[PDB]
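Bear in mind these aren't lab numbers, they're just calculated from the coordinates by the rules spelled out. Note that each Cβ is placed from the backbone with ideal geometry, even for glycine, and that neighbours are counted across all protein chains shown.
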Ligand SMILES: *[C@@H]1O[C@H](CO)[C@@H](O)[C@H](O)[C@H]1NC(C)=O
């Protein structure tokens, strides 16, 4: 079963730059490969097939190369409408396979997040559930780690993250992590923190509160 | 369309040097590549047509060569009147004639440090509602210079305009003027007004200021 | 007598791009300036010669190639171009000496239910050489195992319908093209413009 | 231009059968060297091929789903259909219909199908009060609702600068949870009233929540 | 000895029309093809259109097709370019060029001096000149808020030539132009030597002389 592996998982570049995405297959697939572009929320659009042939209507800045197991998609001069996620697919065997996708990102300067923590409201604690939210406001790049610590115990598998689309003005992201506990499990502890590690932070930042203060 | 890429974008040389400009085509244009010279403010003048044919009246020091996708214009002995911008243009696509970006031939001089002066907005202007902070870079070489506006140590991005003169007829130097334009409301909001200069003939960012 | 350009430009039906028609024009006098200036042409680009200069030049033969493509593919009928049409259907040499004429033909070649009679070669192992015409319908192998006529998942019919509907965007609408090739051999010329 | 329009319910209870129909209006489903397939895309995940079908030739399925998948073709009505049996929350994905061949050349707009057994529930809106410890942040938590979507504005649209309304996450309870935040100057917390406007039309729920700093 | 003289350039609002001319001399004008080539401020050259020797054939670039019209009057030896529906992207210096004619393809062997076409809606406003008060020293004048190009700035009625640097204008966000002109003088003759910058704006007929003192 052919396996497609794309490189890199995420790429950040600027307008006019030359961009190269790589796609590799677990088996030899000759030239039977196609490239696709998908803007957020819209359906995918075919760019190339047979590794090298541009679909009619596709701008000429797109180009492809390769055969066998190694393939390359290249945008000569990146334009603002080209920022999206890119997939590769083989049509060599029967069970068709896609790559995991390469999201092309806008390169701006590194921006550190503004970290905010929110205790559960007294109105929600009356329902039996407690939701502690951690906010990372206006940062770049997207790669950021949110670590929940309850009484200095690192939490996992009871939290969920959510990231905003990159802002059209300042080109930053924003993340919200929601740690969910029962009311009974909430009142068992005192210190609730969320440690944030980011490239624009020389050291991890921790916003915390003590329950009932 | 057929794109024409010239290299280098700018070159500096002296009288008597041998100058060669390169012109690349996105696709084959056979021998239909023409070279032109344009002075600042003047009309272009034809030098070479059909890649290698010399136009009548053009000095023999000009010569052109090439075929397919790579072309070259060559000035054997550069003369003082030859400093200008040179364009290549393809005529293979006769109904879609395209020009190159151009190669500006400049006078090679030694590195010159700029003299930085700052001027406040006059009292006559502030009553109209606009405030313009001006920074000057005087007599420097080469052209590449970065002027960074810092107001209260905050980089003023998206709020100024630059302008550069041509090479001076005496010392072959440039001059740059950056005009930071803000409203009077934005003017009294801050205190520090600085102008940072980065240049090849310098070593550290230079800042000129004054107090109201 | 005059050269029959009308039989090409005014032809009621055009050929599909993979099976492009070629009309050899010889031993006649040709009228060009009055013929071309009509502006009823959305696309009109010449390579290696001026359209006003043709009334002076003589050629051994003149070739009028004609076919139909879609709007987004008109940019491919040119020297040095790549893509599905220029690589697999109709290719001009890198030193092409002639003109490319195209006009929107939505009123002629699109139907309300869609016109699928216009086809094009989608898959081909190697690019076409300039002025090559491939009308082969052999099943294309796109996997490992050969096809031997059997069609399926690594075995594709090499031609594909256009499907021209009058309501499609201009990029998906049919365009009729005429490519005039001007050949100059070391032989006595027979086609002169006048 | 080949036009693909897909239809079908975007909500299917678990263990039930997902069913979708793609109508073709760009090319005769019979008179084109075009295979007719289905590709799905789980939220935030990659693309997965489901299966394809020919006008008569044969069908071809993804072996990982072949036991649960049936693709049929209707020519009198120019439609090819998809049926996924015993759906689970794993099958919550955007489903596309595609004119496939070597590549998938044309693509339907895509129908999001959510697999859940939850009925319609109006959300609970809890305040994210700004804490004490130059710019401060506050917001609202729109928790435990179904189905999508909700809309959140601030000050009835008078506050737009600095607002981040995050996409909803699907909780383990089968209910969605969503947060909307805004950064404001710390000096306005005592003088400016902040209210988030949550609107959940599936349940006819409109809630205005005033967000105030927490008193000791 | 081939001469080409243009005329008809100036200011024009978006969507309006303007017509250019090109009087030729000292060559058989009714035998050569003719061209138009424009050049945006600070940019490169762009071929616009071409017309045959007899004027029966016309071919245009895609950026001006269905918008410009080329024509010629062989009895008057003049070339015309009717520019309708002018956009701001059409703001450029327009040259006319004679075709060389020695090849099967087009090429320009002689060019006209060129005329400027500034496409913008802003009315012709006069400049507001502000001084710039000052190991040597420097001082100058600030010509701000004027439309359109250009303005000529001199010092002491053209007597002060050495040490002057007049900068190219910049199109600010207000649709007007701003220009800077400076001059470096020895710091000794400051209160003894008087400096007056001469600003003239022919499109608005404004001549402003301003004194410059520390
Ligand atoms: C094409 O047909 C029109 C009439 O429909 C005719 O006037 C024209 O001369 C024809 N063109 C040629 C090249 O014969």
task = Quick one: grab the alpha carbon gyration tensor of the range C:54-190, order the square roots of its eigenvalues as a ≥ b ≥ c, and give me rounded if a/c is under 1.5, else prolate or oblate depending on whether a/b is larger than b/c.
result = oblate
task = Calculate, in nm to one decimal, what residue A:42 and residue A:61 gain on full extension: separation in residues at 0.36 nm each, minus their alpha carbon distance.
result = 4.7 nm
request  = Could you work out the relative contact order of chain B, using alpha carbon pairs under 8 angstrom and six or more residues apart, expressed as a whole percent?
outcome  = 18 percent
remark   = Across 5 Å bins beginning at 0, the whole-percent shares of Cα-Cα pair distances in the range D:4-115 come to 2, 13, 25, 27, 19, 10, 4, 0
Span from the the range A:75-115 Cα centroid across to the the range D:47-85 one, whole angstrom = 29 Å
ask   = Expressed as a whole number of Å, what is the distance separating the alpha-carbon centroids of the range C:71-138 and the range E:130-200?
value = 61 Å
query = Once label points are set 7 Å from the Cα along Cα→Cβ at both residue B:110 and residue E:188, what is their separation, rounded to one decimal in nm?
reply = 2.5 nm
query = Which whole number gives the average, over all residues in B:84-95, of C-beta atoms from other chains lying within 10 Å of the residue C-beta?
reply = 6
task = Return the distance in nm (one decimal) between the two label points of a simple spin-label model at residue A:154 and residue E:137, each offset 7 Å from Cα along Cα→Cβ.
result = 6.7 nm
Ratio of Rg to Rh over the range E:100-171 (Cα coordinates, Kirkwood Rh, two decimals) = 1.19
ask   = How would you classify the protein assembly as shown from its alpha-carbon gyration tensor, with a ≥ b ≥ c the square roots of the eigenvalues: rounded for a/c under 1.5, else prolate if a/b is greater than b/c, otherwise oblate?
value = oblate
ask   = Peptides E:107-118, B:181-192, D:154-165: what's the order by average Cβ count within 10 Å, highest mean first?
value = E:107-118, D:154-165, B:181-192
remark   = Zone reached by a paramagnetic label modelled 7 Å from residue E:13 Cα along Cα→Cβ, restricted to the range E:83-104 with backbone N below 20 Å, covers E:83-92
key: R0 of 45 Å, Cβ-Cβ distance residue B:18-residue C:116: FRET efficiency to nearest 0.05   = 0.10
key: For the protein assembly as shown, calculated [θ]222 nm from helices alone, where every DSSP H run of n ≥ 4 adds -39500 (n - 2.57)   = -500 deg cm²/dmol
message = Going by Cα centres, the range A:22-55 and the range E:1-46 are how many Å apart?
response = 48 Å
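What list do you get for E:213, B:166 if you sort them by fewest beta carbons within 10 Å? Let's see the in-between values first.
Numbers: E:213 12, B:166 15.
Going from least to most buried by this count: E:213, B:166.
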remark   = So, with points 7 Å from each Cα along the Cβ direction, the residue A:206-residue E:30 label distance in nm works out to 9.5 nm
query = So how much slack lies between residue A:171 and residue A:69, counting 0.36 nm per residue of separation and subtracting their Cα-Cα distance, in nm?
reply = 33.1 nm
